[PDB]
Every structure is written in structure tokens, then in C-alpha cells.
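To start, the structure under review is shown below, and the notes come after it.
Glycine gets a Cβ as well: all are built from the backbone with ideal geometry, and neighbour counts include every protein chain shown. The numbers here are math on the coordinates, done by the rules we state, and not lab data.
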Amino acid sequence: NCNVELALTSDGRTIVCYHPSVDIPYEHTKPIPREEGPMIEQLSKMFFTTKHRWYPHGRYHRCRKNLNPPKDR
Amino acid sequence: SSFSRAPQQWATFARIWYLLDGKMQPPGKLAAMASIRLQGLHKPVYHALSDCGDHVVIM
Amino acid sequence: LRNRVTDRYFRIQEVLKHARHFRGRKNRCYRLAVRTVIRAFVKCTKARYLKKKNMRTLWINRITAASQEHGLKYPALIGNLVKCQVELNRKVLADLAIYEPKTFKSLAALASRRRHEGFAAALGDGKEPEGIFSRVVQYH
Amino acid sequence: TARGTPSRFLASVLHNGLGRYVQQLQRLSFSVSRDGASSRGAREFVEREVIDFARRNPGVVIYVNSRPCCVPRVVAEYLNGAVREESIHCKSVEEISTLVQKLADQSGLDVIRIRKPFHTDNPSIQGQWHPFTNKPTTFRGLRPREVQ
Amino acid sequence: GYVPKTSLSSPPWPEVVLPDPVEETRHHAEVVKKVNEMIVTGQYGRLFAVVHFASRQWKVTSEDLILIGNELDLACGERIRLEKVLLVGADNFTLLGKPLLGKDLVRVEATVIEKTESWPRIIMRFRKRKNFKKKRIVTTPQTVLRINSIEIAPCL
Amino acid sequence: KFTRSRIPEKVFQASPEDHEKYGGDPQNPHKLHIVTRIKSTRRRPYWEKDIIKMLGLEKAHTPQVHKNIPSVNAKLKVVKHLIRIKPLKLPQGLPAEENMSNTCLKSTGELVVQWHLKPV
Amino acid sequence: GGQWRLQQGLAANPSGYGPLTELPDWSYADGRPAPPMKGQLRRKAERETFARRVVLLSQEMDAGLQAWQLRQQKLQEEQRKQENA
Amino acid sequence: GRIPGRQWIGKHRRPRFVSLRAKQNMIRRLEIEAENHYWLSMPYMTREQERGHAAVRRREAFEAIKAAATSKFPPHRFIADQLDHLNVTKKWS
Amino acid sequence: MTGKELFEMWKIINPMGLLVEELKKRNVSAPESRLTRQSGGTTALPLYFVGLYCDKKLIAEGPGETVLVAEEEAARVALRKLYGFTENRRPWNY
């Protein structure tokens, strides 16, 4: 997919790109219709990940955790 | 643009489902295309620590 | 003991304050720490060349993703942009792929147009007019 | 190293360059020693070059004292509150003048590692990429293998 | 020279025809005049600009900071007209250059805000079995600029 | 043994074929070589290392003018596979004292006393 | 795109001579030009040295060929003056 | 599947083969070499004309070398330095 | 306020309602919501773009983890675009 209008100036010195937002038409839209082992396995199958994500980590890793991290943007 | 910060973050990083038809194809070309799409290298967002994968259904 | 050392505590703590986030008697005991704070400062002093290399393959991965999403490959995109004389680098092109995709869409289209214009001149090599984006700017 | 150190993002203070440049320093607190060869240099600086410095920037008030708490020093206090204490034990007048100009030029934010060398807060103007920028829409919005 | 239809009768990629330069210059002049009219009417949003300062190229929007690893020898809070802008853009157009843009065309400006020194950066060499171990504390000078205004002129 | 290699001159006695392919003129020859070390004098014998040090080419990718006289040609012959050799073309005159400042060495090879960046 | 740039006659690297290094990266907003970068002063000094060496070697060549021609004419003149008398 | 002693040294070595890269690299270097032969092919002077055209310059450079080697001598000793060392015990009145 | 958003500077509730009454002031028909694009419609990580349309053309489209959140956030996007206080707006003239 690529749909733009490219051009040069007369001098051949700068390029001009022209490229507006194509919108989604009305027709292209649908309308709105209106135990620990089992525990970790059903989490894994609910979130499409594996069980080592859900097994805990000790006090030592949780203490190396940062709790007040910097925030940007 | 002009979405709120958390809805924009969600839509940027969400998980997308790809159907790939295996009739007559070679398993290695199938594997190449699905391997890229599973690591999330088909996203300009990609990084290894961002868990930016996507789902692939090979039928 | 006419004059012996009284400031050894502070020398010890000069190593141990960099060792404090280690794991084990590396973070406590001084022999173990010295050996492993040296290795950490060496690991830093090589990780600077590493960090430059790693960034630039991340940029190649991101530009490759976006240009394959627009029908190019990364070799085609960089090669034909340098032929059309836009001297953008990978860092800016990667940020343009993520943050500014309409501008990247135009860049991929221009790379395709330059590829096919330059290769039209290649197919008709010999006496032909110079290509439209194959016009170059040469400095006297 | 960089992991044994707190890090921060790149910051303004109060969007300091937007409307006007607000000199981000309030105070220098000098302390020089009267009978001291350690503070000979700071003595020479107060003798020679502090008048033109105070004249050069009127935003900062410069107090000097004699006989500090322990050692001759400068304590700059910046606008965002952070108080920097630099030591001019046994320095020449030249080094003292460069150190003072650095303090008066710097903003009060730390010298810890800065994560990113650029801080746009509105990065995207054509909208940040998401998986549905350029996947083309369909007729009645059907997904693949739809019966209808 | 006719070849019947086989696999390798043709290259797989679609032959795209290059239209003649007559209608292509028509198209180029038309698009350029449209963009220039949008600028004259002031129909853009905010602007970004890829700008080649110290040695690295920065994607620079309006009103935002940039950290540079050298001392520019300018007193703080000082206004600067960054030339070498080499791409500019809004939502509905971009005007990139070969390689730079026009100094009469795009205006990028920035104030020097601060000149600090960086964090203490360690340099450390060690060779095993050879008693080699050398430390060094490098700490570079840095400035921070604020990009104020990327204003654009309609001289296409 | 491995020994300092001597070259027959029949290698260098050129061809009109060559005078086509490279832009040379077998009469009215050029004045100055511009030499550039593209290769490294490591894993090369001590005489080649030292002849590079003589020529001034300790730094790679660094153009260096030399006289085109047979002595300099002989030293260039023994390091001829570590260096890239070009003529120094002079489209205008050789630079005067007024214009020692504005000089340029183009990629083509020529040196111009008018260095411009105003696009045409 | 290095060998393309060499075919065109630009240098292999855009970081060499070119408007993306030989133009002053900033100027004051009122219009006063900025003091030159030490990178560009160093390259202009390097080009001073290069032009100086080209001039020096060219004069050395011309003077050398001139002196050889002068010696040749002087020897022929001496031989004529000794065929005289 | 092994290699006997060490991989690259000795009687039996692991085979190594030439690829498109290695051939193409060798050939671009050989084409640079052919152009080197051509540009050394055409001298300007020969030995009889070059003999003596840099006598002035070579002897000038050697007088510079000789003079800078012979002018090696200890620096001067002043008074103001020694008295500036007395300026260490300076106190304000 | 440079850097922030309209609706974290002006805290509103029922943004679809605000859109509805403000369009009644504009004398344009009340908008329709449509489900423009989606993924993962039957797991706990869905994506929905719900678009707000009016008479065959749209005024907004927005994301959400469910249809209701997506619709109401697209209403926020529509309100931003109607008041002109978007992300692209011409930055302040200092």
C-alpha cells in the first residue's frame, strides 16, 4: 500500500510530498452488536503465554524491583 | 492521532491475528512468514523487550 | 608499628559502594567485590561500542518492518533514497517509521519511483534523457 | 556504572526556554578562609573576579563569609530547590572562575544519567503507528473466512 | 521478439509504465501549486523537521528539548536559527530536500537553555595475567537547546 | 626464502588499449600522483611498512601528492598493492597566493581553486 | 550507496566535503553568522597544506626541467666555442 | 564429524572454500591494481632530469634538523618564580 | 498547558452525551457508531476501533479494549476535533 502524490519544484532542488488522510467509508464498517496448578494453567490459556510468567518471585527480586520509576511523555 | 494516552498505547501495542493457508506451500516459507509475524518484526514498533508479538494461525 | 594505615576503611568503601547491588559475598566481602567491580567497569567501557552497534541494528529492524509493510525491502529503500539524494539516516528514518507514518509512506513511494525511473534509464541505456528524479545536484 | 546509578529523563525545569529564559540559580554561598593557604585561591577570586560576576548576572545573590563550618566552599542554591555544594579547597583563581561560571550556567537538575537526549512531548503529528494504519478495509468489514 | 506466455516469459514484478514527462510535469506543477496554496492559506497543523545539528540528525518538533554533546560557546537563553533543516512536514504534506531545504524556505529556531557537564563516565582497561588495569573518569560537556518555532515560508 | 620482490618493467610498459580504458595521455604526462593507502601494512614485510612511512602514508584513506619522478615511482612500485594512485588534474591554473585558501580536491581527482557549494 | 556516489563523482561518504559538513550549522536569529567550527577550520587548514604542497612540488618540477634544459644549451654552446678558434 | 589436531594448523586442516564474496573482493582489488600499474606507467622526468632539482630543499630540511638538534639546552631560571613560591603564606590584612 | 490534553485539563463525563448536544447545536443529525476495525473479539485482549459517523461520513475513530470504551473514546476524539483542540494544533506563538 502506497497512495501519494509526489512532485519536484521547477528548479529540481526540493521534493514535495502530498499525502492526506484517507478515511474509512460508511460502507466498510460493521455495526455494533449489543488449586494453584489449574489456576496458572487457566491464566496461561487465557493470556496465550506460559506458566513461568505467573509463578512468583521471591522477596529478593521483588526488592530489587524499582517502585518509583521515571516517567516520560 | 488525538487519542488519549492509554487508548493510544493500547492500540499501538495490541495483538493481531493472521491466517496463513498451508496448501501446497513449503513448510519453510510458511515458517519464515510466521516466524517474523510471531516475533513482531512486522511492526515498526519492534523491540525484544516490548513483548510485541502477534498471533498466527496456519491452517 | 611506627606508621601504619588508618584510612583503609575509606579505600574499602570506594570499592564496596559500587559493589552494593551485586549478589552474594560479592556485595559484602572485599576480595570478591574488587574482582567483580573491575569486571563491571570493563563491561561498561566495552558496552559503549556495543550500544552503538545495537542501536543501528534496531534501526535496521524497524525500517525493514515499515518498508516491507509498504512493499519495499530495506536494501531497495536505502539504496534508492541515496540515489535520489535524500541524506536521511537510520535513526530519523526509524523514528519516521514509528512516529510519522505518512511521511514514511511517501518516502517508500519515492524510493519505488526512483527505482523504476533509474531502471527505465538502465533499460534504455545509451542516448536517453536523464531521469526525472535521476537529475542530480553537483557542486562546483 | 549506569546500573549502579539512578537515571532520569531529559527535563526542562519550568519549560524554561519557552517564553523567557529564567536564570535557574538563586544563591551562591561562598566561604573563604582568612588565614589559610588552602583557601588562598578562593581568596584571590573574591579579591579579583567576584565583582564583575555579580555585575554580570543580577539574578543571583552572592553571600561570602569567613571561617566556614569546616572547609572553604561554594553552595549554590538553584531555582528548583536543589542545593549543590562544590568544594574549592586548594584551587587556583582560574579554576574557581570556571567552576563558578559552570554553576551559574547549569540548571539545578541532577548529573545522573539521562536516558534520552531528546524530549518531544508531542512526538507524532500524523499519528503514531498502530497495526491498523495501512491494513486495507473491506466490504461490510468482513474478516477472512467469513461466511457472510 | 514476441515470447509466448510461460513461467519465465517475464519477470515476476509488475512492469509499471513511466508516463511521459509532459503529463508528469503537469502533475508536478499541479501538486506544487496545491501545497503552496495550503501554506499561503496556513492550512497546516504543527510541523516537524529533520534537522542536522551537531553531527547527528534530530527529528525535531516545535517546543521541545535536544541535548548536544559539545559546548556551543553561547551564553544561556540565546536564540539560534538552525539552518541545515533537511526535511519538514505537517499532516497533509511534507517538503523534503536534496539534501537540504531552502534557507529562505524553512525557519527552525532554538534557544540554548543549559550548559551542563555529563554524568561521571568510567573508562577501565584490564588485561589478565599481565597486571594491566587502568581507570579514568571522563565527563563530557553538554548543552540543551529548546526548539521554539518551526515556521515555514510559501516559497516553492 | 621469502625475498624482496623485483618487478619486470614490461608490466609497466603500457598499451594503447589502456590509454583508451583509463584516461591517460602517453605524451604530455601528468605532474603529480595522488596516493591513498587503502590497505594495511600489517602482515606485510618490514620494508613495505617502512616505505609507507617514507611516503607519508601512515594514515589510511588520506590523499597525498607526490612527484611523478622515477625515484618516487620506484618506492610506489614496491608498495603498489597497498595504495590507490590517481593523477592530480588541474582544470584551472595551479593555485596562486591570493587563492591558497579556497581549494578543493574533488572525487574525480582534479584540484580546483574555486570551491563552491551554492547549488546550480 | 558508496559506489553510486563514486560513479556520480561525489565522495564515497556524505560526511566528507559537501553542504552537510561545509555549512555553518547555526546562526543567531537576528542574522549574525556564527563563529567557525573547529572541524571546518581544521579541514580548511588541511586544504591549505595540500595546496601549498601542490604549488611547491609544481615549482620544483618546472625549475628542475628548466635547469636541465639550461645545462644542455650551455654544454652545446661550450662545444661550439671549442670548435671555434 | 571432527578435525584432528587443531582446525587450521597442521597436516590435515578443516577445508575452507572460496565464495562469491572472496572472489569479488579479490577482483575489485585486482582492478585497483591494474589502474595502479597504468598510472605508474608514465614517468615525467627521468633520472638525468631529476638529478639535483631538490638540493636546496633537502639541505634546508637538514639544516632545520641539525639546528633543532643542536639547540638543546636547559631553560632559564628567573626570580619571580621563587618569590611566587613565597606567595603561598599570603593572608588578608 | 503545553504538553497536556483537553480532557485531562477539562474533566468531563458522558462524552457521547456532550457530543450529542453539541451536534444538536450544530443542527447535524445525531451520529451513528460503527465498528470500523477489530481484533481478538473473543479473548481478554481485544482491540476495537469504533468510528463515529454522521450521514455516510465520519467525524472520528477511536480505540478501546471493548466496544463501549472505544465508542466513548472516539466521542472524546470527535469532541477534540470539533473544538479544534487536537494534537496537531498550531502550537502557541510565544
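Screening E:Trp13 with (1) exposed (fewer than 10 other Cβ atoms within 10 Å of the Cβ); (2) in contact with a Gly (Cβ under 9 Å, 6 or more places away or on another chain); (3) among the aromatic types (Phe, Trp, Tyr) gives one miss only, at (2). The single condition among (1) assigned to a loop (DSSP other than H, G, I, E, B); (2) within 8 Å of chain B (Cβ to nearest Cβ); (3) not charged (D, E, K, R) that I:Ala44 does not meet is (2).
This table checks each residue for (1) more than 30 Å from D:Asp121 (Cα to Cα); (2) charged (D, E, K, R); (3) more than 14 Å from chain I (Cβ to nearest Cβ).
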position: A:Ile24; (1), (2), (3): no, no, no
position: A:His28; (1), (2), (3): yes, no, no
position: A:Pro33; (1), (2), (3): yes, no, no
position: A:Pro38; (1), (2), (3): yes, no, yes
position: A:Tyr55; (1), (2), (3): yes, no, yes
position: A:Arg62; (1), (2), (3): yes, yes, yes
position: A:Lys65; (1), (2), (3): no, yes, yes
position: A:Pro69; (1), (2), (3): no, no, yes
position: A:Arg73; (1), (2), (3): no, yes, no
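Against the test of being out of contact with any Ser or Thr (no Cβ under 6 Å at 6 or more places or on another chain), part of a loop (DSSP other than H, G, I, E, B) and within 11 Å of chain B (Cβ to nearest Cβ), the options D:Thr137, D:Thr133 yield a single qualifying residue, D:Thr133. If you go through region I:51-64 and pick out every residue that is under 9 Å from the mean Cα position of the chain (by Cα) and either more than 11 Å from chain B (Cβ to nearest Cβ) or not in a strand (DSSP E or B) (or both), you end up with 3.
Go through region D:53-77 and count every residue that is charged (D, E, K, R) and either under 20 Å from D:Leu109 (Cα atoms) or assigned to a strand (DSSP E or B) (or both). Before you say what the answer is, go through the steps one by one.
So in region D:53-77, the residues charged (D, E, K, R) come out as D:55-56, D:67, D:73, D:77.
From what is left, the residues that are either under 20 Å from D:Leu109 (Cα atoms) or assigned to a strand (DSSP E or B) (or both) are D:73, D:77.
The qualifying residues number 2.
Just to verify a result, which residue in region G:35-51, among those that are of a type outside the set (A, V, I, L, M, F, W, C) and over 22 Å from the mean Cα position of the chain (by Cα), is farthest from the other protein chains (Cβ to nearest Cβ)? Quick ask: steps written out before the conclusion?
The initial filter retains those residues of region G:35-51 that are of a type outside the set (A, V, I, L, M, F, W, C), namely G:35-36, G:38-40, G:42-44, G:46-49.
Going one step further and asking which of them are over 22 Å from the mean Cα position of the chain (by Cα), we end up with G:35-36.
Details: G:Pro35: 7, G:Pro36: 11 Å.
Here the residue is G:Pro36.
Of the strands (runs of 3 or more DSSP E) that lie entirely inside region E:76-149, those containing 1 or more residues that are of a type in the set (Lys, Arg) and surrounded by fewer than 17 Cβ atoms within 10 Å (Cβ to Cβ) span E:121-127, E:132-138.
Within region A:1-17, does at least one residue satisfy the condition of being within 14 Å of chain I (Cβ to nearest Cβ) and either part of a loop (DSSP other than H, G, I, E, B) or within 23 Å of the chain's Cα centre (by Cα) (or both)? Walk me through how you get there before you give the answer.
Keep residues of region A:1-17 that are within 14 Å of chain I (Cβ to nearest Cβ), which gives none.
No, that holds for no residue.
The listed residues are I:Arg76, I:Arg37, I:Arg80, I:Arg90, and the only one of them that is under 30 Å from A:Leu43 (Cβ atoms) and either charged (D, E, K, R) or more than 14 Å from chain E (Cβ to nearest Cβ) (or both) turns out to be I:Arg37. Restricted to region H:8-84, the set of helices (runs of 4 or more DSSP H) holding at least 1 residues that are closer than 20 Å to F:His66 by Cβ and in contact with a helix residue (DSSP H, G or I) (Cβ under 6 Å, 6 or more places away or on another chain) comprises H:20-40, H:47-50. The residues of region F:83-120 that are over 28 Å from E:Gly102 (Cβ atoms), more than 17 Å from the chain's Cα centre (by Cα) and within 7 Å of chain G (Cβ to nearest Cβ), listed by number, are F:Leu94, F:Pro95, F:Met100.
Pairs linking a residue in region C:75-100 that is within 24 Å of G:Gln3 (Cβ to Cβ) to a residue that is assigned to a helix (DSSP H, G or I) and of a type in the set (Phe, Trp, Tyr), with Cβ atoms under 9 Å and 6 or more positions apart or on different chains, are C:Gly79/G:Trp4; C:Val82/G:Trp4; C:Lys83/G:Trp4; C:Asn89/C:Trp59; C:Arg90/C:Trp59; C:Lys91/C:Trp59; C:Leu93/C:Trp59; C:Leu93/C:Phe104. Somewhere in region E:29-48, is a residue away from chain I (no Cβ under 14 Å), closer than 30 Å to D:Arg115 by Cβ and in contact with a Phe, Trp or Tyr (Cβ under 6 Å, 6 or more places away or on another chain)? The answer is no; no qualifying residue exists. Report yes if G:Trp68 is in contact with a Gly (Cβ under 8 Å, 6 or more places away or on another chain) and either in a helix (DSSP H, G or I) or more than 7 Å from every other protein chain (Cβ to nearest Cβ) (or both), otherwise no. Against the criterion (in contact with a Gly (Cβ under 8 Å, 6 or more places away or on another chain) and either in a helix (DSSP H, G or I) or more than 7 Å from every other protein chain (Cβ to nearest Cβ) (or both)), G:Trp68 does not qualify. How about region B:20-49: which of its residues are within 30 Å of C:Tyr99 (Cβ to Cβ) and either in a loop (DSSP other than H, G, I, E, B) or among the polar types (S, T, N, Q) (or both)? Hits for region B:20-49 are B:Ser35, B:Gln39, B:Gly40, B:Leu41, B:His42, B:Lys43, B:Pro44, B:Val45, B:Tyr46, B:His47.
For region C:97-133, taking the residues that are more than 7 Å from every other protein chain (Cβ to nearest Cβ) and within 24 Å of the chain's Cα centre (by Cα), the one that is farthest from E:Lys84 (Cα to Cα) is identified as C:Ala111.
So which residues in region G:1-34 are part of a loop (DSSP other than H, G, I, E, B), more than 7 Å from every other protein chain (Cβ to nearest Cβ) and surrounded by 11 or more Cβ atoms within 10 Å (Cβ to Cβ), if there are any at all? Those that are part of a loop (DSSP other than H, G, I, E, B), more than 7 Å from every other protein chain (Cβ to nearest Cβ) and surrounded by 11 or more Cβ atoms within 10 Å (Cβ to Cβ): G:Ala12, G:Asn13, G:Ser15, G:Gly16, G:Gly18, G:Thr21, G:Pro24, G:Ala34.
Would you mind stating whether D:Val75 is out of contact with any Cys (no Cβ under 6 Å at 6 or more places or on another chain), closer than 24 Å to D:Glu49 by Cβ and among the aliphatic types (A, V, I, L, M)? Against the criterion (out of contact with any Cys (no Cβ under 6 Å at 6 or more places or on another chain), closer than 24 Å to D:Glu49 by Cβ and among the aliphatic types (A, V, I, L, M)), D:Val75 qualifies. Against the conditions (1) out of contact with any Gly (no Cβ under 7 Å at 6 or more places or on another chain); (2) hydrophobic (A, V, I, L, M, F, W, C); (3) more than 7 Å from every other protein chain (Cβ to nearest Cβ), C:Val137 satisfies every one except (3).
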